[PDB]
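Just the heavy atoms: all of them, side chains too, but no hydrogens, waters or symmetry mates, feed the values below. Residues: numbered from 1 along the sequence shown.
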Amino acid sequence: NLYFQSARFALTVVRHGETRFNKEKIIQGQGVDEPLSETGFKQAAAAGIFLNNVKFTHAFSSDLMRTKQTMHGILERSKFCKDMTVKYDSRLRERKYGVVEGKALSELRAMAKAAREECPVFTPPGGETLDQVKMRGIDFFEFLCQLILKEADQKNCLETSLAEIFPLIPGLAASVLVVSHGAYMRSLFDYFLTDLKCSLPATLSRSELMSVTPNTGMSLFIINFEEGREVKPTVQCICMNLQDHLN
């Protein structure tokens, strides 16, 4: 195992913009790869303007259209990151809903009720469990942490640009932008809170974190590693589900 010096990096996580199915409350996991609606494109543009002076260092997106288009909407309006290479990662994809993909939410709830279970725990045929989704979050996050530590090893500005628009000892090694999906995000955020014991702002309830993700809702975390080998990070949640770009 590799020895690293102390390190800190920022992680901004943004849900994709609205699609036709989001508007109509139709389940959308890994079914139809539906693009943004015109409202979704507007939200992505607004988010891009909100973030235009942020100096991101890395960009990752789910390999679904709705997230790819949102990432595009954001980067095309960036002062510094227009030309940034986006990495597309299937680990960031939405929870699978199997045979209820493309059905009304009410059909999933009825199926749950019939199974003597409750949503979101209930998993339909062909769908993923909450723990399976979280495991994809853990996998991606560990991947990201190793990536950043190794890059820092192989080699104010980032923090100041974040502090401009977000409620904020080693200078930030990186500022990562991730565009993903509501259920996946909720499970990742649950990993950060329940498992990594992340700190929460005074304005953020535990209930917010576990249910609730608006289209283009933004969350910022600072990830902190002490020096050493195989170090468990600590996490500070700066904001969650920010929608200041939408009013």
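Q146 contributes no side-chain N or O that, together with a main-chain N or O of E142, makes up a donor-acceptor pair within less than 3.5 Å. Between the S62 side chain and the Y88 main chain, no donor and acceptor come within less than 3.5 Å of each other. Side chain of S187 to backbone of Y184: no donor-acceptor contact under 3.5 angstrom is found. Looking only at distances, no side-chain donor or acceptor of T216 sits under 3.5 Å from a matching main-chain atom of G17.
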Check the pair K96 / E101 against salt bridge (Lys or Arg N to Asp or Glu O under 4.0 Å), numbers first and verdict last. CA-CA 8 Å; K96 285 180 163 193; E101 300 274 11; over 6 Å; no

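Every pair passing side-chain hydrogen bond (donor to acceptor under 3.5 Å, both in side chains) that includes a residue from residues 199-212 is listed here, sequence neighbours excluded: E208-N241. Within the structure, the side-chain hydrogen bond (donor to acceptor under 3.5 Å, both in side chains) test picks out no pair touching residues 228-238 (sequence neighbours left out). Contacts classified as side-chain hydrogen bond (donor to acceptor under 3.5 Å, both in side chains) and involving residues 109-123 (residues at least two apart or in different chains) are given here: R95-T123. The list of side-chain hydrogen bond (donor to acceptor under 3.5 Å, both in side chains) pairs with a residue in residues 161-172, not counting sequence neighbours, reads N53-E164. A salt bridge (charged side-chain N to carboxylate O under 4.0 Å, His left out) check over residues 84-94, counting only residues at least two apart or in different chains, returns the pairs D63-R93, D89-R91, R91-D139.
Remark: of the listed residues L246, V14, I238, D244, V14 is the sole one forming a side chain to side chain contact (heavy atoms under 4.5 Å, CB included) with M218.
The aromatic rings of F60 and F143 stand perpendicular to each other, their planes meeting at an angle above 60°, with 30° marking the opposite boundary.
A cation-pi arrangement, defined by a distance under 6.0 Å to the six-membered ring centre and an angle within 45 degrees of its axis, is absent between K134 and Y191.
Side-chain N/O atoms of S6 and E227 include no donor and acceptor closer than 3.5 Å. Donor-acceptor pairing under 3.5 Å is recorded for the side chains of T194 and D190.
Nearest heavy-atom pair across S61 and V86 is CB-CG1, 4.0 Å.
Between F141 and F192, the distance separating the two ring centers is shorter than 6.0 angstrom. With ring centers used as reference points, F189 lies under 6.0 Å from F221.
Shown here are the ring pair (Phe, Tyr, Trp, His ring centres under 6.0 Å) partners of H181, two or more places apart in sequence or in another chain: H16.
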